[PDB]
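Q: Mind having a look at this structure? Questions to follow.
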Amino acid sequence: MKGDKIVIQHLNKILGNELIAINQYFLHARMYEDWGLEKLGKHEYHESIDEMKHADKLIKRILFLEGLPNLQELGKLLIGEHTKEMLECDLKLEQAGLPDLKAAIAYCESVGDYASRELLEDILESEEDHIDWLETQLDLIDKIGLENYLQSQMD
Amino acid sequence: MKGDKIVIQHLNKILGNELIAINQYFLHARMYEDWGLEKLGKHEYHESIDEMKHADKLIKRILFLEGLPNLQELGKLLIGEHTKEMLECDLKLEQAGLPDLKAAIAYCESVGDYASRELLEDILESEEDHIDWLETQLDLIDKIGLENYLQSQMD
Amino acid sequence: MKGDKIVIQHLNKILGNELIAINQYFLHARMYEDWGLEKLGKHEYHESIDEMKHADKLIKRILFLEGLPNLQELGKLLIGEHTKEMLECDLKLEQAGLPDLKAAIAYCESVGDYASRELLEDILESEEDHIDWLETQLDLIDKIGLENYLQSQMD
Amino acid sequence: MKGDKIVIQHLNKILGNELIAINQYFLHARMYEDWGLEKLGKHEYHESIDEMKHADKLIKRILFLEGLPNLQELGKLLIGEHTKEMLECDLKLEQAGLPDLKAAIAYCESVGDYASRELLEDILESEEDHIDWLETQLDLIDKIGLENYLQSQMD
Amino acid sequence: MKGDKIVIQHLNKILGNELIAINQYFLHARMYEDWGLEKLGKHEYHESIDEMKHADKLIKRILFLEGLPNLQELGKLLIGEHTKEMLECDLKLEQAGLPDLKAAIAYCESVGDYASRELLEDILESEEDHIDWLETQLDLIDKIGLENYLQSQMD
Amino acid sequence: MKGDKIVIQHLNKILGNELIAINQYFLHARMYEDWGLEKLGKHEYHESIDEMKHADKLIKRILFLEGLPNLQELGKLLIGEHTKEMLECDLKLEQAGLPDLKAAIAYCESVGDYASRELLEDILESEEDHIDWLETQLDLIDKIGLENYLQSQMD
Amino acid sequence: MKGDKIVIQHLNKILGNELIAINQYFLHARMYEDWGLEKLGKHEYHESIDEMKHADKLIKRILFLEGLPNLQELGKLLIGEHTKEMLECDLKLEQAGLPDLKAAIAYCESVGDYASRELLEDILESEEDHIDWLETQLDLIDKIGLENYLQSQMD
Ligand code: HEM
Ligand code: HEM
Ligand code: HEM
Ligand code: HEM
Ligand SMILES: [Fe+2]
Ligand SMILES: [Fe+2]
Ligand SMILES: [Fe+2]
Ligand SMILES: [Fe+2]
Ligand SMILES: [Fe+2]
Ligand SMILES: [Fe+2]
Ligand SMILES: [Fe+2]
Ligand SMILES: [Fe+2]
Ligand SMILES: [Fe+2]
Ligand SMILES: [Fe+2]
Ligand SMILES: [Fe+2]
Ligand SMILES: [Fe+2]
Ligand SMILES: [Fe+2]
Ligand SMILES: [Fe+2]
Ligand SMILES: [Fe+2]
Ligand SMILES: [Mg+2]
Ligand SMILES: [Mg+2]
Ligand SMILES: [Mg+2]
Ligand SMILES: [Mg+2]
Ligand SMILES: [Mg+2]
Ligand SMILES: [Mg+2]
Ligand SMILES: [Mg+2]
Ligand SMILES: [Mg+2]
Ligand SMILES: [Mg+2]
Ligand SMILES: [Mg+2]
């Protein structure tokens with residue numbers, strides 16, 4: 001079914017964001033495991049698979065709407081060098097993508113593509129949760145100290 | 001453990017190849033499913049997951065060797081527009097990568113990084129299998145005809 | 001138990017035929033599977049196993065009759081290059097041999113080696129089946145066309 | 001996937017060795033059982049099967065590499081007349097072949113056919129094992145005497 | 001159903017042979033157990049029950065053919081005094097009966113009593129196996145020595 | 001099977017290193033347990049057992065090659081007095097043994113003892129893993145402090 | 001808890017004897033296995049493990065008593081070249097260590113280290129059991145002959 005040109009453009013924009021998250025989180029996930037911080041690596045890993053599922057949903061929607069998915073463009077990955085910076089980079093990435101998801105939902109609504117809006121709504125609800133976990137870890141670090149926090153992420 | 005500079009460089013090259021394969025196959029996988037070719041989609045999908053595992057192993061090895069994994073650079077995906085073309089694009093991708101894996105195995109041997117060579121050999125074996133499956137599909141299209149081949153890929 | 005000289009010679013002759021069949025069908029089996037024709041590969045593989053079993057039975061009988069089994073001689077192998085040809089070559093073998101089993105049975109009866117006759121009897125009944133199956137495949141190719149036939153042998 | 005002509009030639013040479021082993025062991029196995037040496041018969045039988053599996057793997061690799069399997073030529077079979085001799089004949093074959101697998105692995109290395117090398121390595125590890133068992137049986141005969149050794153192979 | 005007079009005479013001849021085997025093997029079986037050679041006694045015992053089943057089949061066939069079974073005539077039992085002689089006596093008995101079974105099958109064929117021939121065929125196949133086991137034990141005795149052989153027959 | 005003289009020397013060299021590791025890791029494991037650092041104790045213990053298994057494999061290969069395993073010369077054990085130092089002693093031992101293993105693999109490859117090379121490659125993979133774990137524990141101590149690190153090792 | 005200096009010296013002496021036994025028996029175990037004497041190998045193997053457990057108990061006791069376990073000194077291994085010699089080597093070892101164990105027990109009693117005495121009594125009971133088995137094997141060899149004995153150790 002021929003979809004709205006601007007909607008497909010919006011969906012592709014979002015897909016691009018997801019692909020960046022996929023790579024960033026997978027790399028951060030393995031860096032954590034490499035450092036022996038198994039709990040962070042596991043969670044970071046799960047988030048990576050989550051973003052992978054988000055991208056998959058966008059890809060399927062774009063193809064149904066008869067658009068051409070863009071798996072070619074890969075934006076700037078924000079790779080940190082230590083735990084605090086890595087959590088901040090992931091937080092910065094998620095927060096940098098919100099205006100995009102909200103702008104996409106708003107556009108879909110304006111053109112009546114209610115099903116695309118629903119898909120984006122599900123993704124947004126998940127992104128606000130990831131931001132929640134991230135903000136929480138950063139706050140935990142400040143309340144208990146970096147050494148205790150990292151100690152708690154070992155097993 | 002500080003790894004050999006040229007070996008890590010080789011591992012990053014291969015990683016870049018795997019990342020390309022990941023994206024190309026996942027897009028082809030969903031394009032197949034989108035067209036109702038379930039069997040091709042399922043097989044294409046699993047190949048994508050396999051390349052994902054290959055990339056994961058390289059990333060883990062690079063980090064142990066104290067190198068910096070490059071998930072930032074993404075080569076040109078070869079996206080086909082119809083089945084025969086998609087099969088040929090995937091075959092071409094795997095064939096362009098062989099010289100790379102063999103060159104890496106050869107280099108690892110020359111410098112004594114036998115563990116890295118073993119990882120690469122495991123990937124090479126899998127790669128020669130995918131090429132086998134791909135060459136086989138193209139040969140099948142030739143023997144039974146495109147219409148019959150696509151019919152056989154529906155369920 | 002000293003067996004009849006001519007019977008043992010007949011037995012060794014049939015054994016040579018079996019060893020030929022074993023190798024021919026095993027090569028054909030792997031060629032089919034190499035081309036992605038699983039169904040043909042499975043059947044041919046089973047037939048190869050059946051011939052192996054026949055050879056085993058002849059070998060055992062020969063040894064009991066105090067003769068020397070000859071696994072040294074291997075007659076011409078009739079290797080085909082395509083499905084239709086491979087089917088015809090296998091059919092030719094199952095036929096070129098038929099007169100041998102019948103002649104051995106006739107000889108055993110004439111010299112009173114009723115046990116050897118029964119063993120050959122069992123093999124004969126099985127041989128007339130591989131032939132039945134082979135004749136059927138060729139007639140099937142004629143009724144539905146090579147492309148449809150090959151398609152049906154993929155999975 | 002076209003393989004190196006010399007590699008395929010080596011593969012065919014090894015395949016010829018395997019086919020000789022298969023037949024020699026199958027005959028020895030049935031000779032053992034015919035004499036009431038059940039244990040010896042079972043081992044030889046299994047060893048015959050393993051050689052069949054080796055031949056099968058070579059045949060598959062050759063086909064994939066786009067070469068033509070030679071199941072036609074069968075070399076000299078070394079048939080023994082009694083236990084001690086049969087063990088020695090099997091040992092010669094298992095040794096005489098060693099140079100071959102080692103030469104093939106060496107050639108595969110030099111031309112970068114690492115997958116073929118690994119297939120040959122698997123077979124090689126197994127061959128050094130059949131040799132071990134054979135050398136042991138002969139050393140055992142020397143330590144306990146032929147009469148005791150044969151008694152121990154009855155049931 | 002009125003059977004052929006000569007066939008019934010042949011069947012009675014065979015029954016007589018079976019009855020001799022029954023008694024000879026049962027006696028030899030218990031002598032073995034009496035000497036503590038449980039493995040020989042068990043096998044010898046099983047053979048006795050086997051001959052008992054052969055006789056039973058002949059008896060049933062003779063009665064259907066409306067003949068009078070002769071359980072009255074009992075030929076000369078060949079009782080040995082030691083293991084080697086006992087195995088030879090059993091061997092001599094089985095070999096002395098073959099010409100009779102083969103002559104019976106030949107006669108049945110000449111007069112069209114195909115069902116009687118089938119019954120005799122089953123018995124012949126079993127007798128050639130008993131002869132096999134016997135010849136084997138005698139050969140085993142010569143290869144490993146009488147003391148080792150008897151030792152192996154204790155449990 | 002008479003193996004290469006220098007290969008055997010190489011294998012005995014690696015065996016010598018393994019024996020040192022066995023004793024060093026076992027004493028360290030029991031020291032950790034004695035101090036109530038159960039987790040560290042369990043891990044050190046299992047590494048001790050893995051080194052015992054490496055020694056075993058080397059001994060078996062040396063015997064097969066008809067060489068004489070040397071379990072008489074015990075090299076210098078590097079025994080620590082506190083966690084940080086024990087991890088460092090184990091790391092130093094592991095690092096000192098790498099050049100030997102790689103030199104042995106290189107030599108086996110040069111004379112065609114491909115099976116010995118494989119055994120050594122297996123051991124090498126395990127050694128690099130232990131080094132990875134060791135380096136990680138030391139990095140962890142520096143990131144969360146020794147007190148936290150040790151607390152996490154109590155159970 | 002600070003242990004008696006001389007008690008610890010005795011414990012280290014016994015530990016040294018255990019370390020000799022461990023290596024001697026493990027090598028003998030694999031030699032038996034190497035020659036196909038599985039039964040002897042399995043037993044020798046288990047005894048090697050029992051000595052490993054004795055050493056473990058000694059090490060733990062020494063550490064509790066705040067002494068330094070000595071795993072650096074390795075005494076003269078008594079390696080045999082054939083079964084009878086290996087059994088005698090192990091017997092000589094066990095016999096040589098017996099006076100040492102009894103001297104250690106006597107000393108512990110004199111200084112009131114009853115728990116250390118308990119541990120030594122447990123080990124002594126086990127050592128006298130190995131001596132019993134060893135003496136019995138050598139007596140069995142004289143009673144049934146070396147050839148029969150070795151035959152019985154194959155499985
Ligand atoms: C940096 C590139 C990537 C890496 C390193 C990676 C790695 C992985 C790994 C290790 C798994 C687990 C597979 C398993 O063990 O079963 C996985 C699963 C998967 N990936 Fe990726 N992946 C990458 C990119 C992608 C992309 C771009 C997509 C989407 C187009 C994607 C979609 C999926 C899906 C759908 C699954 C299965 C998720 C599930 O369990 O439901 N991946 N990936
Ligand atoms: C020429 C003499 C041969 C004889 C007498 C023989 C006999 C046998 C027998 C009796 C079996 C076991 C069947 C069963 O019980 O299911 C067997 C299995 C098998 N044979 Fe052969 N064989 C021969 C040659 C070969 C050759 C030349 C090949 C390869 C081209 C081959 C490949 C196989 C395979 C792959 C199996 C499967 C075994 C398993 O998966 O466990 N055989 N053979
Ligand atoms: C020397 C004379 C014989 C002796 C010592 C003898 C002894 C035995 C013994 C001990 C059994 C096992 C019974 C049980 O424990 O269940 C048996 C079974 C039997 N006997 Fe006999 N028997 C003799 C003669 C015969 C004869 C002459 C015939 C045939 C007319 C015969 C036919 C059978 C049958 C049919 C069975 C059962 C076999 C089965 O299990 O299928 N026996 N006999
Ligand atoms: C200080 C010297 C040694 C000590 C204290 C020691 C200790 C141990 C302990 C406590 C076990 C576990 C036994 C159980 O509870 O089942 C064991 C197992 C084992 N040890 Fe040792 N050992 C030593 C030396 C060796 C040596 C030198 C070898 C051989 C070259 C060796 C080979 C083995 C093997 C194969 C096992 C069994 C591993 C398995 O579970 O698969 N050990 N050892
Ligand atoms: Fe997302
Ligand atoms: Fe997110
Ligand atoms: Fe890959
Ligand atoms: Fe691939
Ligand atoms: Fe056949
Ligand atoms: Fe056939
Ligand atoms: Fe082989
Ligand atoms: Fe072999
Ligand atoms: Fe009978
Ligand atoms: Fe009989
Ligand atoms: Fe090791
Ligand atoms: Fe290690
Ligand atoms: Fe002990
Ligand atoms: Fe002991
Ligand atoms: Fe004996
Ligand atoms: Mg559509
Ligand atoms: Mg590290
Ligand atoms: Mg390898
Ligand atoms: Mg015979
Ligand atoms: Mg019939
Ligand atoms: Mg192909
Ligand atoms: Mg009636
Ligand atoms: Mg040996
Ligand atoms: Mg303490
Ligand atoms: Mg007490």
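Determined by X-ray crystallography, 2.0 Å, according to the entry header.
Cβ atoms are placed via backbone N, Cα and C, with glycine included.
When I checked Swiss-Prot for this same protein, it listed these features:
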- A:1-145: domain 'Ferritin-like diiron' (DOMAIN)
- A:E18, A:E51, A:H54, A:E127: Fe cation 1 binding site (BINDING)
- A:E51, A:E94, A:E127, A:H130: Fe cation 2 binding site (BINDING)
- A:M52: heme b binding site (BINDING)
Q: May I ask which of the binding-site residues A:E18, A:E51, A:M52 have a CB within less than 6 Å of any atom of ligand 5, listed in sequence order?
A: A:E18, A:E51
Q: Give the sequence-ordered list of residues that share a chain with A:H54 (Fe cation 1 binding site), lie 6 or more positions from it, and have CB atoms under 8 Å from its CB.
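A: Listed in sequence order, they are A:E18, A:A21, A:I123, A:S126.
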Q: Fill in the CA-CA distance, A:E51 (Fe cation 1 binding site) to A:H130 (Fe cation 2 binding site), as an integer in Å.
A: 11
Q: Cα-Cα, whole number of Å: A:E127 (Fe cation 1 binding site) versus A:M52 (heme b binding site)?
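A: Cα to Cα, A:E127 (Fe cation 1 binding site) and A:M52 (heme b binding site) are separated by 13 Å.
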Q: Relative to the Cβ position of A:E51 (Fe cation 1 binding site), how many further Cβ atoms are located within 10 Å?
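A: Total other Cβ atoms inside 10 Å, all chains included: 25.
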Q: In whole Å, note down how far the CA of A:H130 (Fe cation 2 binding site) lies from the CA of A:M52 (heme b binding site).
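A: Here the two Cα atoms are 14 Å apart.
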Q: Which residues, sitting 6 or more apart from A:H130 (Fe cation 2 binding site) on the same chain, put a CB under 8 Å from its CB?
A: A:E47, A:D50, A:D90, A:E94
Q: Select from the binding-site residues A:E18, A:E51, A:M52, A:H54, A:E94, A:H130: which have any Cβ-Cβ contact with chain F shorter than 8 Å?
A: none
Q: Within 10 Å of the Cβ of the residue listed as 'heme b binding site', how many other Cβ atoms are there?
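A: For the residue listed as 'heme b binding site', the count of other Cβ atoms within 10 Å is 19.
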Q: For A:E127 (Fe cation 1 binding site), what is the secondary structure by DSSP, using just helix, strand and coil?
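A: Looking at the DSSP assignment, A:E127 (Fe cation 1 binding site) belongs to a helix.
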Q: Around A:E127 (Fe cation 1 binding site), how many other CB atoms lie within 10 A of its CB?
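A: A:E127 (Fe cation 1 binding site) is surrounded by 22 other Cβ atoms within 10 Å.
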